[PDB]
Amino acid sequence: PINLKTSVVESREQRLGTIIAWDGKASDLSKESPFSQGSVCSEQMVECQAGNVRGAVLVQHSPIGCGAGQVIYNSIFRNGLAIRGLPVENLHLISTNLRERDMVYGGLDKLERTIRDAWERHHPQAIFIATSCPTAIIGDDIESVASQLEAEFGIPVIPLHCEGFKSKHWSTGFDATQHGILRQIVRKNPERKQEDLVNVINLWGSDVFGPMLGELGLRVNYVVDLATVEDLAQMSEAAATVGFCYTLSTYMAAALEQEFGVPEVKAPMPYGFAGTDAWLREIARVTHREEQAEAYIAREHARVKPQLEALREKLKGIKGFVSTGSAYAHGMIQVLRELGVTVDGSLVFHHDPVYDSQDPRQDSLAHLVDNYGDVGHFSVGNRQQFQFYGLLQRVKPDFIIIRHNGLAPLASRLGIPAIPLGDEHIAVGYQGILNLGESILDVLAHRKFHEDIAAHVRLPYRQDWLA
Amino acid sequence: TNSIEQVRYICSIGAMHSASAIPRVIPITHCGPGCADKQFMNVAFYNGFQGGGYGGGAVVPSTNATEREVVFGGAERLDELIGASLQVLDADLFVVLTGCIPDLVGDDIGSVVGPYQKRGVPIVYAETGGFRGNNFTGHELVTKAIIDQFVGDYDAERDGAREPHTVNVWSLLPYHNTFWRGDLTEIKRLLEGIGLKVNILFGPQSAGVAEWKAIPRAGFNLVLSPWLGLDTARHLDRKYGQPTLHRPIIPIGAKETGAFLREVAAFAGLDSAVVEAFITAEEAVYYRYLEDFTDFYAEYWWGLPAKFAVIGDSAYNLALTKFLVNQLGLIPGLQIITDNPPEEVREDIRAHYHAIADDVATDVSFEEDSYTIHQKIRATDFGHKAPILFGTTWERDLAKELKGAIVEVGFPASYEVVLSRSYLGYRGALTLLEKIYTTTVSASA
Amino acid sequence: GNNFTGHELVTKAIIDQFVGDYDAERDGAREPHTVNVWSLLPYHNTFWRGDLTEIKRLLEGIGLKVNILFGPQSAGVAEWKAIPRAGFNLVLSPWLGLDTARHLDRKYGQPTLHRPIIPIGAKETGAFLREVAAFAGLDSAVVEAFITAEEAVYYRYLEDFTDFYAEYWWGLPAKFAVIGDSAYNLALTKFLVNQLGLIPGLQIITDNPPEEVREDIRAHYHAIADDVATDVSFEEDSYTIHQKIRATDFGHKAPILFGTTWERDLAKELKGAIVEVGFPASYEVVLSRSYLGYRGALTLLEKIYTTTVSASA
Amino acid sequence: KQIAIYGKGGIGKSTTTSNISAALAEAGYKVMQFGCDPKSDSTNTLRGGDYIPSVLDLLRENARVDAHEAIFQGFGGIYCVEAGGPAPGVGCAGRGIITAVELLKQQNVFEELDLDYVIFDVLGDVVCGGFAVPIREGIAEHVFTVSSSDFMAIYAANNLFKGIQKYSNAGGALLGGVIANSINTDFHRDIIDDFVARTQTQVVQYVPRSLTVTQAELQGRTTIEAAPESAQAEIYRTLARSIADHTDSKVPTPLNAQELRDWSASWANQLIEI
Amino acid sequence: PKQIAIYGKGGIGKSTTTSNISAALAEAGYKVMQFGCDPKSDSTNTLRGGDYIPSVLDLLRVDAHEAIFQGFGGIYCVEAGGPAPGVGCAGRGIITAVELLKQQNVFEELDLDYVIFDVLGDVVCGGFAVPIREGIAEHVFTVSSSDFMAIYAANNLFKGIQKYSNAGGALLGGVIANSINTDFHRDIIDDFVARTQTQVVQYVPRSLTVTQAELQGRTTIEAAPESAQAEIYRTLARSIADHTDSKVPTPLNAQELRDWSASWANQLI
Ligand SMILES: Nc1ncnc2c1ncn2[C@@H]1O[C@H](COP(=O)(O)OP(=O)(O)O)[C@@H](O)[C@H]1O
Ligand SMILES: Nc1ncnc2c1ncn2[C@@H]1O[C@H](COP(=O)(O)OP(=O)(O)O)[C@@H](O)[C@H]1O
Ligand code: CLF
Ligand code: SF4
Ligand SMILES: [Mg+2]
Ligand SMILES: [Mg+2]
């Protein structure tokens, strides 16, 4: 089980067995369960998760350098607000701005002053504290300050332990924020059960679950991202917890089921006809809505399938390739087969053999392999583009699928266009398939830019190794 | 107070982009797993949507210090990384940048990089921890490390004589000033116009590490920044004996550019006919694009904003404050320099704002916290007209609330896509005028 | 007619009266390496000044003596008096200046190099410069050296733009529509199709071209690239073109409009982006920006994708 | 009950901690001794001297750590566990202790062993917050500093009092008293008694310097083990009795530099004529 | 300047022996600087008379000369300092102090004949091994006594130093003996040094003259220059002054030292 008694979250590698290196056939990564270029840390994922909670202020206990990530996540936060029909504003992340003397004598007074400043300036309903590499090397003991100031102000003060070097993969930064929210914000033993509300563990993508579950007579509680401290608080009252990506939804949903009694759905992720059907059968079986689902399954099968016949014709024998993420990547590898696109290789940045829910019927890789066939050049690598070049020349695809930065520009210099899917709801469900077909068509038209770049560019790698 | 909302700069290890900005140079980082990605994705990709380039972005090797590299040290990881990088990557020069972990733990970096240098490998190591400062301090550290460990000793009878008409240009920070590529292109174009051989040392115009090996042969050093690059210049003066010219104000516009070029020429001793002929042609091109703008800006019915508030690093902060005062005649409102200069240069920086015009005297406050910046903008009544905010993506909401317009001119410029845009010199001044007044006019659109 | 007819009457009048007749032994021998350029309508193409600056720069770079005849780069009546001394007349426009070119051929005998597509980018500009060099028989060494230098500069800024272009989080527009004169219409379609690879959705030429050239322009749009075949329609009424824009299907993605101020409201109706490329450009101040050539393509990309990402701005 | 032992370097922290741990084990208590030293010698006398891999030596050679695999059963049944760390001059041992304590807290081994006493034998140079972890508001409440009659030992004890005072006014541990080590002459007892009286603290016990300890050390054994009936083992048994029932912990009240100097100067005039 | 470092077990006599060596060297006319790498700020206690002086870190641009205080015999006493125990990072503090001293060129703008780095007992991070890097110190001696844990600490420190000795750093000059009174002490401290292939610089006995001088805040050279311990320390300072033979450490393994100790347990039975 998840250990919530501690103010420190274990790492994802320690809790699951994260594998951040591998090359082979996806069937083998499924049966199994010197040079580096830089990765992501857990502090960045904490910035993007706990920094997008509305009504709360995240404190970065670090040197000012670790606070650089406010720019990208501020832009994502603003665009998510604009997408989700909310007023647009900048997120406020505050840094303790530690210096060399604070490395020598400790920086706990600066942390306390920064928390008090957050409370004074914004008066939030919650305050998160983000730890970094240097403040974990010196052991600053942030929990005492957190407890004292929480007792003083009244609002919860949540210490998040999200050092970069603690874990080899950055997915632990989701664990940290979810751990803190579970331990402090989510109210325990509530006296109100909102039987029409379901917790959708999602990101800053267009609202597609709202209309989709509205046909099932459900209200949507988007959490963590663009969520309110009260929405996070009323997460023990919802009738179910769901999400789109398994990787971002294991810890919080499993801990909710174990502790707060929120039912958790063990259903395939909603990508493709089979996956989305099986996903709706169970999100509507938990909420006892197994009568408005078949009437929505049939309606969408009678609406998207006629348009998918002509869409598979426009993409015949086209090669694809997914190079990003862990679980929002097996979903692409499975939707692309729904369009008939050839996918003989992929690159996922990590692979969790088990999930926090520990349920065998939640393997995304097994779903991708058993249904929709196998991938013969499956490869795991923690966002390293000296290895992406080898994979690209090994499979030689017409287009790739990316969501995270760092891999698309290399393929562009090789003349291989990429589909950027920052809006994670674009490829969700039946309209998701219909949108991904159009996206592939548009990208294949964009191939002229990457072919022009590939003919007038020099890769930094050396021909001794390029071979 | 210590706190900093909405950071205005990045880590000292983010000076890896100073090395990556040199052509055919690939920095190597000894740090935590996400220091390189964070610094790139925030100073380049969401600061004008600039790319990694040749040896930047996801090309930068990194040790990605795990828990093993902290408890037991990671000098052998850096040694192994350099050994593998010498065979994986093709770089003229490798720069080693240590994070806050090797600096706190006390890894003996010299004992690892030194053996490579003794073999003739072009590699360099710099100590840039997170606690040491921001990316400006790291920039100075990287420049000094490259100089000392790659340029090495100088012998005129072996390495070549000294050309009095060759200048090293120490100017705005690469990749942090959003328009640095075009700005360096403009600076080099003007310097080559007045008759100099330019070692721009950064960006596409640079010649790579061959230009850096020629640093001692340069006649002097130009520091085109209010405070950045003065440590490098002093180190070079001590080491090789090169005189330095400190031009604190970066010349946006024909008025400042003429004076800048005249002072550089009076330094070197260039021909006063080539300088006044290049300047004559540049003025001729520049002025004729102004009459038509005049017509617009001297006869606009709906009125133009009169007060501005520049919030940015000292270089652009002071170039923009000088331009928006001596050319556009705008009212200088709130000026805040947010790059955290050293305390010793603050007085002279401010004294530049005192003499910002014969008729106008202003002042700047050094503030790295954006909450206090926002509160001083709120606490400065900007007349009856709306004020124009010259800042970053953090001022969008405040400018919308103050009924005014915002022009993004520095880090982070999250709503500009920049390829070759420049705001310095003649062409850059024209582009800046277009951007400013397109933004102001686009208020009823 | 319109301002285009007035332009081709004014130029013909100056050529017929002020320039007068030509005597090769009196006014100077014809220079085979001097070119006359008849490309853009001044003050109607909003960005004509930077465009002519870039065109003159390119033509001078490959090794020609350029009579640009419009804008600050010109010398006025000195370049117009050198019209008979030029080696050939370059019509860098789909149909604007062809009548003037024929008038010059009849009056003097200058061969006309017709270049319907104005170059934006490196491929189009390289092809344009090689075709001009082949026409005037210039030294291919200077031509190739200049092309190499310009492409070395260009593909660097494109090596930097490629990260955003292939990696932007929220995606980028796939289809476009161009509304304006035929010159810019065609240049922008060729660029957006060959450099960027955008899908042409609706091209409407609003300058009322004469029927004697419309088939030629339609042919130029029938092959806008080796593999994409599009087309173009001629409608001078704003209401009709707005209805045709509303009647056009683009897809799940909101398109990008290369129209003008009259398409601002229509652009907001489609939740898309509007890049004012034609007339009237009432919501942007223009001094020296250019949208064609080697340096102008980068500025065009800057404007397009600054407008694209500035939806949450 | 969770205990932490501090003091000057090389003063007997490991030795006296091992002795009292063995005395507690012989009485029938479940005692676990956690070594916070990179040298991994804190529990050397509970195992016979033979090397035992630590937790930091299970982290460098594995990816998922089971804290149990690093728990070793020593003399008398003591759960002797070493934190370990790098060799001198490399790495970061303080972060190593942070990681070790965090690991055994997350594994909840403090509560799954049905322990009675958890004693943290710390090093003598508490140089970072990694080595103050066992006095950090929820891990231990009884802190004792080993000191001797030597003035530098008393200087280190006063410095450690100043250090612990920060954690005491944070909900952390309170100073429980002073352990007196290597005290043979009456001057040795008198000077340390006056120091303790001047700092508002108490002496739990006085242990003399003996050769029993030396010999039992060479062998790798404890004084309770090598000499279960000597005159030095009995003093360790009584100090273990006196530390088991200790409850009167206080916020440390150290002397500033001038006061400690003046005190030492005053006690220098008493050694001349003693 | 002949630059020396002193290591060994904590609380074993590194600071006492170092101050006595510095005093005996300054008694001979040389210029000696003693640098304290312990954040307790007590290495030069017996040279300043026990009075508190500010440390380097209490100045963290800086002018490292304001942290230089000279005491008995004109010895330049420099203390790195640091936080109170249990907070911050003292290793980074020693790194910062040494970096500031080097950047200020203190060791060369002073004309010192000797520099003796007195380090703390628990070398835990690479910031405490700064003295034994390349170009910093060349002679390193580890104080140890007849106590088995003193020998253990010395052997572990030889293991730690071997990394720097093999990487162009300082070489193990030898061993300093302290608290050596009986013949068994001498025998058991000679066997270890013969097993590790190094040399005992000298032997120092445990005398109450050092206790008296300590309480008084002085060193035996100043306190009782006419006593036996002062002459022993003068001989030790002279030996350190002319020492040249430094070798790469050859430390014993865990089993080797375990059997060595078992072989010496029976010598007392
Ligand atoms: N009371 C004592 N009797 C005999 N030897 C002692 C006594 N106190 C300490 N020692 C010896 O002094 C040395 C200090 O070792 P140790 O107890 O491990 O110190 P620390 O734990 O403070 O680092 C060891 O040889 C130890 O056995
Ligand atoms: N030879 C000696 N004779 C008597 N007392 C000594 C002798 N050597 C050291 N001491 C005392 O033992 C204690 C050890 O302290 P110190 O020299 O500072 O150790 P370290 O600096 O190595 O931790 C001090 O009280 C010191 O005066
Ligand atoms: S001040 Fe330090 S060197 Fe500077 S950027 Fe920060 S760690 Fe790095 Fe951080 S972002 Fe994450 S938590 Fe460490 S790995 Fe890195
Ligand atoms: S002083 Fe402590 S925290 Fe700092 S490097 Fe050394 S062991 Fe690590
Ligand atoms: Mg010990
Ligand atoms: Mg000492």
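Below, chain A is the first sequence line, B the second, and so on; all start at residue 1. Below, each value reflects all heavy atoms present in this structure, side chains not excepted, and no hydrogens, waters or symmetry copies.
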Winner by heavy-atom pair count (cut-off under 4.5 Å) against chain A, out of [options]:
options: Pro33(B), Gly83(B), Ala84(B), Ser414(B); result: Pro33(B)
options: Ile13(B), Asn135(B), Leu104(B); result: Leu104(B)
options: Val59(B), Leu398(B), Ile10(B); result: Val59(B)
options: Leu89(B), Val88(B), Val60(B); result: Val88(B)
options: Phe40(B), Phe411(B), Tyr415(B); result: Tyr415(B)

Heavy-atom distance under 4.5 Å to chain A: side chain of [X], backbone, both or neither?
X: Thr393(B); answer: both
X: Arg77(B); answer: side chain
X: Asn47(B); answer: neither
X: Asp103(B); answer: neither
X: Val70(B); answer: side chain

| query | Going by distance alone, is a donor N or O of one side chain under 3.5 Å from an acceptor N or O of the other, for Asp109(A) and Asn2(B)? | reply |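 The answer is no; no qualifying pair exists.
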
Identify which part of [X] has an atom lying under 4.5 Å from any heavy atom of chain B, answering side chain, backbone, both or neither.
X: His404(A); answer: side chain
X: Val457(A); answer: neither
X: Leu410(A); answer: neither

Report the option among [options] that has the most heavy-atom pairs separated by less than 4.5 Å from atoms of chain B.
options: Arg101(A), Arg458(A), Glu89(A), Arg462(A); value: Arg462(A)
options: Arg413(A), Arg99(A), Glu47(A); value: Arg99(A)
options: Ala68(A), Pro63(A), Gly406(A); value: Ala68(A)
options: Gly65(A), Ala136(A), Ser75(A), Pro409(A); value: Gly65(A)
options: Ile138(A), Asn97(A), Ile72(A); value: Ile72(A)
options: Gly38(A), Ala118(A), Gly164(A); value: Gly38(A)

Spacing of [X] atom [atom1] and [Y] atom [atom2] [to the nearest 0.5 Å]:
X: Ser3(B); Y: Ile115(A); atom1: OG; atom2: CD1; value: 9.5 Å
X: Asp90(B); Y: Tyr461(A); atom1: CG; atom2: OH; value: 12.0 Å
X: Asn74(A); Y: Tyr46(B); atom1: CG; atom2: OH; value: 10.5 Å
X: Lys168(A); Y: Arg68(B); atom1: NZ; atom2: CZ; value: 9.5 Å
X: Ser36(A); Y: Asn64(B); atom1: OG; atom2: CG; value: 5.5 Å
X: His92(A); Y: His374(B); atom1: NE2; atom2: NE2; value: 6.5 Å

| query | Given the rule in the side chain to side chain contact (heavy atoms under 4.5 Å, CB included) test, do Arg396(B) and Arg78(A) qualify, once you have shown the distances and angles that lead to the verdict? | reply | CA-CA 11 Å; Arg396(B) 314 295 302 194; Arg78(A) 291 183 53 93; 4.1 Å; yes

Shortest non-hydrogen contact between [X] and [Y], atoms and distance:
X: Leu81(B); Y: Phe35(A); value: CD1-CA, 3.9 Å
X: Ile26(B); Y: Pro460(A); value: CD1-CB, 4.1 Å
X: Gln37(A); Y: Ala58(B); value: NE2-O, 2.7 Å

Any sub-3.5 Å donor-acceptor pair from [X]'s side-chain atoms to [Y]'s backbone N or O?
X: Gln70(A); Y: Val7(B); result: yes
X: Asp37(B); Y: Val40(A); result: no
X: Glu100(A); Y: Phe131(B); result: no

| message | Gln6(B) and side chain to side chain contact (heavy atoms under 4.5 Å, CB included): which single residue from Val71(A), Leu93(A), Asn90(A) fits? | response |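 Of the listed residues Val71(A), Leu93(A), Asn90(A), the side chain to side chain contact (heavy atoms under 4.5 Å, CB included) partner of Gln6(B) is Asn90(A).
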
| said: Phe45(B) vs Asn405(A), test: side chain to side chain contact (heavy atoms under 4.5 Å, CB included). Steps then yes/no. | reply: CA-CA 9 Å; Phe45(B) 192 87; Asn405(A) 41 304; 5.8 Å; no

| query | Stepwise, does the side chain to side chain donor-acceptor pair (under 3.5 Å) test hold for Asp117(A) with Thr1(B)? | reply | CA-CA 9 Å; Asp117(A) 291 9; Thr1(B) 178; 3.2 Å; yes

| field | Chi angles and distances behind the side chain to side chain contact (heavy atoms under 4.5 Å, CB included) call for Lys38(B), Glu43(A) | value | CA-CA 10 Å; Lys38(B) 159 176 300 179; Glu43(A) 201 265 359; 2.3 Å; yes

| With a 4.5 Å heavy-atom cut-off, do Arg121(A) and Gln375(B) have their side chains touching? |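 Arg121(A) does not reach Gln375(B) side chain to side chain.
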
